[PDB]
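Protein chains in written order, with my numbering: chain P, 1 to 80; chain E, 81 to 121; chain A, 122 to 151; chain X, 152 to 225; chain F, 226 to 286; chain L, 287 to 320; chain Y, 321 to 480; chain Z, 481 to 555; chain C, 556 to 1290.
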Amino acid sequence: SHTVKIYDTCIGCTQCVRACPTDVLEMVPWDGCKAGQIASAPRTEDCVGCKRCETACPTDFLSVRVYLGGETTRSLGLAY
Amino acid sequence: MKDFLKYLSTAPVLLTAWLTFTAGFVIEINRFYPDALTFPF
Amino acid sequence: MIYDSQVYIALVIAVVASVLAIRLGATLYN
Amino acid sequence: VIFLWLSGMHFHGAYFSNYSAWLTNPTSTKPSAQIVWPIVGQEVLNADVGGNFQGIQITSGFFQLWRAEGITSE
Amino acid sequence: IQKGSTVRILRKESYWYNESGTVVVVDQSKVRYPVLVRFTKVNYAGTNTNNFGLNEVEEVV
Amino acid sequence: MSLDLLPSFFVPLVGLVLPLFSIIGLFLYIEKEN
Amino acid sequence: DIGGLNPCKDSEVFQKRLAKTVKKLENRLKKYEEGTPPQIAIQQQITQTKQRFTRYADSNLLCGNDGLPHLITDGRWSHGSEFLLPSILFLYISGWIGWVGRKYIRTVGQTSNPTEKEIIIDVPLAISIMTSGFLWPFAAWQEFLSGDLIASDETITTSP
Amino acid sequence: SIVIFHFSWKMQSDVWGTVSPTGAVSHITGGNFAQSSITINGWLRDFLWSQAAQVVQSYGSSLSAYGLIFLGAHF
Amino acid sequence: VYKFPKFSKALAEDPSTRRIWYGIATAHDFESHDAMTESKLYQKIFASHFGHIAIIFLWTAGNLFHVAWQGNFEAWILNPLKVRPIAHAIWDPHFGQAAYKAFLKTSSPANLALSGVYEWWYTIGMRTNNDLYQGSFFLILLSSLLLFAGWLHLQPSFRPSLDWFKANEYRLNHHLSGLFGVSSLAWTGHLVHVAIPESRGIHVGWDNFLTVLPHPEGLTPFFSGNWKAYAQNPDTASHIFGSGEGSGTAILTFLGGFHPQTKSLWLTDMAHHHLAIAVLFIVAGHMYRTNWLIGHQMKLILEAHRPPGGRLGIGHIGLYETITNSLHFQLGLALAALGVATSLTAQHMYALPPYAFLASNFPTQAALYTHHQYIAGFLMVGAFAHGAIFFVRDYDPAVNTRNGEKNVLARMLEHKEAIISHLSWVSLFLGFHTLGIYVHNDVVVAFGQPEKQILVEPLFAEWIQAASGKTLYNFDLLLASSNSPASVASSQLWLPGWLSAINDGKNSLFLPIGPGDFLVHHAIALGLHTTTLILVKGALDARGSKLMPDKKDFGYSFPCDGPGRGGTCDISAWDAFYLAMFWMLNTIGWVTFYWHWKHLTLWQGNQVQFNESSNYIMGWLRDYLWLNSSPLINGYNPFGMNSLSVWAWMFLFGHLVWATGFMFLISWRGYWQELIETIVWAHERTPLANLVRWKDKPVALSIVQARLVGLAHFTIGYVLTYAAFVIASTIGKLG
Ligand code: CLA
Ligand code: CLA
Ligand code: CLA
Ligand code: CLA
Ligand code: CLA
Ligand SMILES: CC1=C(/C=C/C(C)=C/C=C/C(C)=C/C=C/C=C(C)/C=C/C=C(C)/C=C/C2=C(C)CCCC2(C)C)C(C)(C)CCC1
Ligand code: SF4
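And the structure:
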């Protein structure tokens, strides 16, 4: 399964979570930004690696980073 | 003729005019002094 | 022209070099 | 744009072509409707298409089409 | 630094590193990156603004 | 057995039999489990 | 002479090339009639070929064993009209172009909408800058001295 | 490209040509399509290499523009 | 679906066919394997080196055996200029009677040998098919030795530690002195003892070598210091190679130039060369410090080399630990050196042929030059790729930095933009102007006025030729002058031989050059600069850029960073290697095209064809490719076939593989995954085939794998088609 990391540059704009096609990211409470929220990656087993999450990231060099790793039938997007 | 002159000031029209003028004077130099392999002086 | 004995013993020595190769291959692990 | 292109083709046939010569000798004159200016040595492109003419041989078949239309003059 | 101040970006992983931007607002709360800087050059993603920390911006004289 | 029979003995042997056994072994190995 | 070459004025193969080209042109001329425009064009071709060959012969041009003018670009001023003078001419023209482009970029870079003035050129300012490029060698060695030609550390750098 | 190659070779080899006064038909290439268009080497040699002779030998002639466009299209 | 990638558990859990594909392509990346330590890494690399040397020796033994068994070496000895060497016999059941008849040579169908091994083995003193058999036997014995050593050094008590592997001074002392110098000394011993008398008709085998004196005086002059005695009475100008007629007694001489009969370097010249090289390398092998308190510690040498004014930063202080702890830095250095060395071999074995009767073997000359130049390009690209890998995974900025200031290597990443910008400027400059001059010549010649061509005489290169003695350009410079101090100094040692060879129209020594040589050399420079630009950009930008300031965290080879930020296709350092492979292939193609056309015109005699038509592109296309491809394509026609039929088949095969590479390069993934899904549905929903199901889920090849496969097809097709063309054209044109 791929690896997804969140960095404290998160501004809690939720654009990553609402762009994930496989429900990998979610918004959790935080105290490091104005919005009081930070993205989390608790379901990386469903991560497919499409990187839509970091295409919607407005922070300078990203706050969500996807590191491709071992492959799985879920991560390979295999309907068969 | 205030926006037409601004349209003529756009990049494509200006580049086309400048390249047409450039090719023109190059071609005419090569017509009046053809086959110039070295400097005339 | 080389003889049958010359080619045969070269083949036999080549076999010995083959058994040494698999021993190195198996020692470099699966 | 298409009409302008067709008008250009007919104008070249009228002015820069050997259509009249090709009419009198269709089997021995090659159709040409574009002459090349004599610059940088490019005048070699004006081929011996026949009919006391120099130019680029035309492969669009306009001469045959014009003959089929009954056009006998430039 | 304050609103309208000109700062140099010291963050290395930045499309505006070593460049100068205009501070939009410096947050007074306990956020990690309070300084908001606006730039004239859009980055590769198209944005022209970003939040920076207090130690990642250097005010221009 | 002359030396000129060695090509006809070896070329089919190598170029057909060795592929077959090598394919068998490689397929068996790469399709193993744990 | 230089590199084993010989002047084209004394190169037999050069004259053979001229004679063959003229003969081909005349043979082409034979198949047309009277003072018709094709014959006039072929005659002009012959005249231009003769003029070009004569000018190349009387041009301090060195010809090889193929009867073609070879360029001596080692730097000697004897054959300076082959490379050195055209080199100076191009350097002047290209420096002019680069200088006027850089001046226009830096001039409209201090306006409210720098990007707008790049797709829609300020033709008055463009004409003002373009005709000022004749002093580009002097302007360049008056802006480099003042430190206005080179940036120092506001330039951006990648992570490593 | 394959369609136009087939058309060009087949026409030149088995349709186009000249007819002698006694009725003998001689084609542009000579009927090589029937026996040499069945292999890729045949297409490479008897069509591409053979009929590309006019393009590569067009320099200095009135067809030199075709050679120049040949080279530029390759580029 | 398990246990195949034993070295990687992440791959072994892949349910798709990607596991099998990636298992092959990651087998030799030992540093990325599971449960990996440095000691195991060095030990496995050591054993793999042993197995590799064994493979090389087995390959050489096979060549020797097949020349001895199915070749015509003995017949070729008696007539080297008419008999064509035979590589090995052919037994292919698919042959028709016509193919058997055409390939029939002596007793069985056989392949001509284009490796030049016949001339090489003849020069070093082999005259019998039993001498080759002895060499094959000995080489198989050596292969057995190396395999045994490789097995032994994986045993528990014989596995070396990291300290032994990283002992730089010991390895350098031994490699230099022992390997280079002692191997050169032993080669001089063989050269003299065997080769020198065998070229003079005296057989020196493994029986009468302890009793046949290599020199009549017999080691007396060496100890006495009268070393001139070994140079007295050299081979005359009427010496027949392999026979005592007109021979001499000298063993170490300066003669320069070539043998008058074989048109190759004097055997006594090469023995003296190897003796000098042996002495020099044995001396140089004592430089570094070992257990006897004298020598050099290279850490101190590197650290002490900082310019005092200060322009290289802190110097080379951190380079010792950087190189020692990285196997990719050393691999890149070795690959760059090997690439330069094999480029040197290619450039010198045609100008200065070292083997008897190899100059008249035109197909083997072309094959050898092309082979070595392609190997050179491969080695250079590999050196740069491993430099990029070192940047990604082995480079440590802390080691290469002392108190903020950066060392000589870390400073290469500070002006990396300057380096890349200037490489780009040079590439654009050369490309623009070389293409401009070539197209100007194309248009001007096409319009029937070749006199208006721009032809620049390569005066700088002709100046060098005159400096070495070529009196062809009327420069009268250094050795073209009989009064210059350079000529008077060697007028009694090697000028008469050297001048007689350089001033000869039948040699390839310093081939006469013209404007075509100038233009093609500028094309070669453009190719070199562009390949270097791609490789250097990939190496320096490997650790990150503006588009990806954390590229080091993704490794050397990854597909992309996604469509975000405008698109990040081919952003990894591996992709830079992948792109530079095309430019290396193009540059080597230009070099080999130039060499082959120049030598085809030289051998055929129509050197005026090259000097006139090489200045414009259509000249190349018409007179090299289109002209010399006629014999090759007529290797088989609807009327018959020749022994060149295999080369035409290889020509078409190379074209096919090239275009399949085009498939894999133009069409990307995603289009092949949906098609594979449709095929999967079709298989799953059809009777009589539902009984058979895959164990690994069939998926499309990964992006990086697809790039690799397309590059492999491109390269294999390129190499095969050009090898077929060059060989068949040379054979069919020059008899
Ligand atoms: C690497 C060296 C090498 C290579 C490339 C070849 C190549 C060839 N040999 Mg050969 N051969 C070699 C060494 C080599 N030989 C040696 C050292 C011997 C002495 C024992 C022989 C004895 C030999 C005979 C007697 C015959 C051939 C034949 C042939 C041809 C058909 C293949 C075959 O039947 O193999 C059979 C080869 C053997 C029985 C000997 C083993 C070859 C070496 C020792 C193994 C090398 C392995 C290599 C390094 C890597 C292996 C990879 C593997 C794990 C997939 C082919 C041209 C045949 C021929 O001429 O047909 C026309 C034939 O009849 N060979
Ligand atoms: C080194 C590789 C190699 C070798 C030695 C051969 C050898 C052969 N091929 Mg072949 N081939 C190969 C690679 C190879 N192939 C590859 C890679 C391809 C794909 C590109 C092909 C594609 C190919 C085709 C398309 C054809 C051949 C054919 C043949 C046969 C030649 C025709 C003939 O006269 O026999 C005549 C053959 C016979 C009289 C009978 C042979 C039947 C088999 C081979 C005998 C094996 C005996 C075996 C020990 C039995 C085991 C015990 C069993 C009873 C239980 C011959 C057996 C032809 C052939 O015969 O087809 C069968 C044929 O049509 N091959
Ligand atoms: C006109 C302004 C201008 C100036 C001063 C420069 C200056 C430079 N460029 Mg550059 N460049 C320009 C425009 C300019 N460029 C444009 C428009 C492009 C897009 C095609 C490029 C693409 C480019 C590349 C890809 C590279 C450079 C490089 C360089 C440097 C070395 C010179 C060189 O290789 O020339 C390169 C010149 C070209 C490739 C052709 C430029 C195209 C035209 C001639 C320029 C545009 C003219 C403009 C429209 C004039 C309008 C002004 C007017 C309105 C007043 C140098 C700093 C190289 C570098 O970094 O080396 C250090 C390098 O690799 N440039
Ligand atoms: C005298 C003692 C000695 C000798 C002969 C060797 C010999 C060898 N060692 Mg070695 N080694 C030694 C001592 C020695 N070692 C010691 C003391 C240590 C411990 C410190 C090591 C540690 C060691 C390691 C760790 C490894 C080796 C390896 C090797 C092999 C290298 C591969 C090969 O075959 O190259 C053959 C090369 C030649 C015959 C010569 C090459 C000729 C070059 C390319 C031409 C250059 C000429 C010129 C400069 C070109 C440029 C032109 C000029 C104008 C600039 C080689 C057999 C490697 C190997 O493969 O292991 C099996 C390996 O991994 N050794
Ligand atoms: C002695 C030299 C040498 C050594 C020791 C290495 C060693 C290494 N390289 Mg390296 N390399 C070299 C030369 C060398 N290379 C050269 C010359 C190049 C330029 C071409 C490269 C380019 C290169 C790249 C781009 C990469 C490596 C990588 C690696 C590492 C893993 C290798 C691997 O997984 O293999 C895998 C082996 C294969 C996939 C087999 C490929 C076989 C090819 C396709 C040829 C087979 C086709 C054959 C010709 C069939 C003929 C067809 C027929 C019809 C005629 C390893 C440390 C990789 C790495 O991660 O490094 C850390 C990596 O990404 N290298
Ligand atoms: C990326 C990288 C890398 C790689 C690199 C490379 C690959 C490089 C290459 C390089 C090269 C490839 C170089 C070359 C060089 C050469 C030279 C340097 C030469 C010299 C020469 C000379 C000097 C000569 C001289 C002379 C003459 C001329 C005459 C005769 C005599 C004499 C000798 C005097 C590494 C890994 C390291 C690390 C990381 C980074
Ligand atoms: S890849 Fe990016 S987008 Fe697709 S799931 Fe994992 S996180 Fe959400």
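Just so it is clear, CB atoms sit at the ideal spot from N, CA and C, and this is done for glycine as well.
Would residue i pass as an interface residue toward chain L - the criterion being a Cβ-Cβ separation below 8 Å?
i, result
"residue 137(A)", "no"
Less than 7 Å between the CB of residue i and some heavy atom of ligand 1, yes or no?
i, result
"residue 643(C)", "yes"
"residue 617(C)", "yes"
"residue 621(C)", "yes"
"residue 1020(C)", "no"
Check the C-beta distance from residue i over to residue j and give it rounded, since I have them as a contact under 8 Å.
i, j, result
"residue 731(C)", "residue 839(C)", "5 Å"
With a threshold of 8 Å between beta carbons, is residue i in contact with chain C?
i, result
"residue 469(Y)", "no"
"residue 206(X)", "no"
"residue 238(F)", "yes"
"residue 258(F)", "no"
"residue 391(Y)", "yes"
Taking buried to mean at least 16 other C-beta atoms within 10 Å of its own C-beta, is residue i buried or exposed?
i, result
"residue 461(Y)", "exposed"
"residue 307(L)", "exposed"
"residue 763(C)", "exposed"
Can you confirm whether residue i, when its beta carbon is compared against all beta carbons of chain Z, has any partner nearer than 8 Å?
i, result
"residue 1173(C)", "yes"
Return no unless some Cβ of chain E is closer than 8 Å to the Cβ of residue i.
i, result
"residue 152(X)", "no"
"residue 200(X)", "no"
Determine whether the Cβ of residue i lies closer than 8 Å to any Cβ atom of chain A.
i, result
"residue 623(C)", "yes"
Is residue i near ligand 5, going by C-beta to nearest heavy atom under 7 Å?
i, result
"residue 936(C)", "yes"
"residue 1111(C)", "yes"
"residue 566(C)", "no"
Output yes if chain Y places a C-beta closer than 8 Å to the C-beta of residue i; else output no.
i, result
"residue 118(E)", "yes"
Below 7 Å, is the gap between the Cβ of residue i and the nearest heavy atom of ligand 2?
i, result
"residue 505(Z)", "no"
"residue 1176(C)", "no"
Indicate, with yes or no, if ligand 7 has a heavy atom lying under 7 Å from the CB of residue i.
i, result
"residue 229(F)", "no"
With a threshold of 8 Å between beta carbons, is residue i in contact with chain X?
i, result
"residue 109(E)", "no"
"residue 361(Y)", "yes"
Nearest chain F C-beta to residue i closer than 8 Å, yes or no?
i, result
"residue 32(P)", "yes"
Open item on the list: Please identify, using Cβ separations under 7 Å, the residues of the region 41 to 55 of chain P that lie next to chain C, in order along the chain.
Closed with: 51, 54 and 55
Task: Residues of the region 63 to 77 of chain P whose Cβ lies closer than 9 Å to any Cβ of chain C, in chain order - done: 65, 66, 67, 68, 69, 70, 71, 72, 73, 76 and 77
TODO: Mind checking the region 490 to 523 of chain Z against chain C and listing, in chain order, the residues whose C-beta falls within less than 9 Å of any C-beta there?
DONE: 512, 515, 516, 518, 519, 520, 521 and 522
TODO: Please list the residues of the region 1001 to 1017 of chain C that have a C-beta atom closer than 9 Å to any C-beta atom in chain X, keeping them in chain order.
DONE: 1001, 1002, 1003, 1004 and 1007
TODO: Pull out every residue of the region 434 to 464 of chain Y whose Cβ sits closer than 9 Å to any Cβ of chain E, in chain order.
DONE: 438, 439, 440, 441, 442, 443 and 446
Task: Within 7 Å of chain Z by C-beta, residues of the region 1192 to 1208 of chain C in sequence order - done: 1193, 1203 and 1207
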